[PDB]
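What follows are structure tokens for two forms of the same protein chain, given separately as structure 1 and structure 2.
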Structure 1
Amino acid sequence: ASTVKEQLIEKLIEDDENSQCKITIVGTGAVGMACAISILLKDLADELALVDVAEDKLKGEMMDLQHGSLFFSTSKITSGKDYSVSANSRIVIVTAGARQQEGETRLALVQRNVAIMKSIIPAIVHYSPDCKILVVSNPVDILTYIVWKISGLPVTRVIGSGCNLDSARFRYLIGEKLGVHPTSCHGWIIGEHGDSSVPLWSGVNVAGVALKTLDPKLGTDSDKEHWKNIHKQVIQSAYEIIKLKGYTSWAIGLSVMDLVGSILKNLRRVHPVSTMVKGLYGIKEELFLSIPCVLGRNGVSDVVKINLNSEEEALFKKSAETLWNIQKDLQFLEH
């Protein structure tokens, strides 16, 4: 009855601070905050927690987000170097690490980001046992495997951002060619995210009309329309953005926001994300690559068995062998 808060507000219950739709982002770099602002403007999280080892930059990014509290609906934004703020997250998004491509890349950086996951995954899983881990850092297909091993979590709950973006890039350029919104051009990229992704031209379609129906040479070099160069631009428009601005952040953030929605809302949408493919498309080793997956509140609940044709399945398996030896290429350093 002396202070303003006491005079104006009668507390009836002690407020809960155990959110029930909570998101932690680990790594508040370009990709991390792109994820953050996108998750915030779509109101996909009750509480958003941020983790990083740059204690100063982490505190600054969090305050900047907080000062926008009036303009979105996430009611609690927190941060800290100790993973206790991670506690009881529905989804933990891992964005930490150096910037690099996949497949053909220097092991020093591949191993550096592997070291980062060894540091964080044990804690992340301790404080959020029932969470799904959504791996974004690159090489994404390899770190998702690494995380899954360290975490000891079910394979269904450890997911790589994979080719969700690749397919979005794919659908954007198809749309430009045809003059149609990407939401209406349908086309799938699978396998490795980045340099050696596999386009499945058999399925590229509009309104159910296979495009290779209209152009039997779609995706071959013989094609006089040069549709295959779309796939090469899918791959290299990424490289080009890095050249021109130095990194990629905006589209991946939207891609993560796409996946986070499907998981939390339990939509059971199909997305090309990285899951473990042993026992699928003739794969007999334990490795992670992108295939079409049904995504729900429990992570990957089902997967789609696209019947790959001989050319597609060959590249898929080649890429699978690539990652396999690189997964083997970290084990031999961790003697």
Structure 2
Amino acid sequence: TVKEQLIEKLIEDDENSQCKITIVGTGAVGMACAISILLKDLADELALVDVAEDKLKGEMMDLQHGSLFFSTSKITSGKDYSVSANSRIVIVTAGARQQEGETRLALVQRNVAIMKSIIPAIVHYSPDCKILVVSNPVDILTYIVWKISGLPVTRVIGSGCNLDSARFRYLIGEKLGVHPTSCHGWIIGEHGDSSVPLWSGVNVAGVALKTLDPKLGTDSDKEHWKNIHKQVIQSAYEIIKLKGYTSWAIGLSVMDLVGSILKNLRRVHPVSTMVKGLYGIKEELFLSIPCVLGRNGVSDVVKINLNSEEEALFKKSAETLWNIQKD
């Protein structure tokens, strides 16, 4: 053998993965998460799970054919969740696709069925993992995943408002001519139409914007038609109209979150977490609030004093969420 003539083996093969990530569901979103994670040198091994076996092998082989150009050494796939064994993080992009004419409670209840059939095996093979839930509606889905999972709140996280908060701060910095790292601003609460922009806390280069324009973000805003929160929500809705998914953007957001957990950065992300007993919520439910993400999941949450407008939107969101969740 060429190998026997070229290499003298001194130690047994250590083939264990140290930073293994599994992606569940390999449509546009899961695949965007995949290429994003591969390209940012985050995993030793990427495992893909889906029911569409043919397409699944196709994606895995497409990624493998380019292996020299990313640092992950092992890509695997399969319909059987045993390939997910011993993951640090399992990203759930699978989930029901709302058929037009379907009620909201029906869409959620189909997802209970899906999650009931995938979440317990995820936990079986990967008992110390974190679960990152990315499918819509992310907040009530993360609640469903967490309930089925049996795991502490700290290790079941929904992607939530991280993407929209990022786009928000970005546009603020664009309009001001300043890099995004100079801008603080959160969108919190229920992902999507009902999300709450925290205009009271938005600040750039150490200056609370509301001291420059106390009307900023309100109906009295003299530039109200340029409202940046509305630009963020409309944009994603237009993208979904056009494409079907904000798939590149979500994959980018999920790569942001993974980097915080795997590298134990203790960066603050507005992600879906249990908010019972926080922010005036009294029942079990998941909403986005600013969380400190690190190697053990959510290690801390940030307590923010919402103005009365912000508290009102946030609590209305929780109310509608719980009225779905009760059924």
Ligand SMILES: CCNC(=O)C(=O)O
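For clarity, a rigid core is taken as the largest C-alpha set superposing within 1.5 Å between two forms. All residue numbers here follow the sequence of structure 1, with the first residue given the number 1.
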Open item on the list: Does the form solved without the named molecule correspond to structure 1 or to structure 2?
Closed with: 2
Task: Only residue that shifts (Cα, 2 Å or more, rigid core superposed) between structure 1 and structure 2, among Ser79, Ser151, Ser249, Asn113 - done: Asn113
Task: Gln100 C-alpha relocation of at least 2 Å between structure 1 and structure 2, rigid core basis - done: yes
TODO: Align both forms on the core first, then report whether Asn88 has a C-alpha shift of 2 Å or more between structure 1 and structure 2.
DONE: no
TODO: Answer yes if the CA of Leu264 moves 2 Å or more between structure 1 and structure 2 after aligning the rigid core, and no otherwise.
DONE: no
- [ ] Align on the rigid core first, then pass along the CA displacement of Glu10 between structure 1 and structure 2 in angstrom.
- [x] 4.0
- [ ] Determine, in Å, the CA shift of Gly175 between structure 1 and structure 2 after the rigid core is used for superposition.
- [x] 2.6
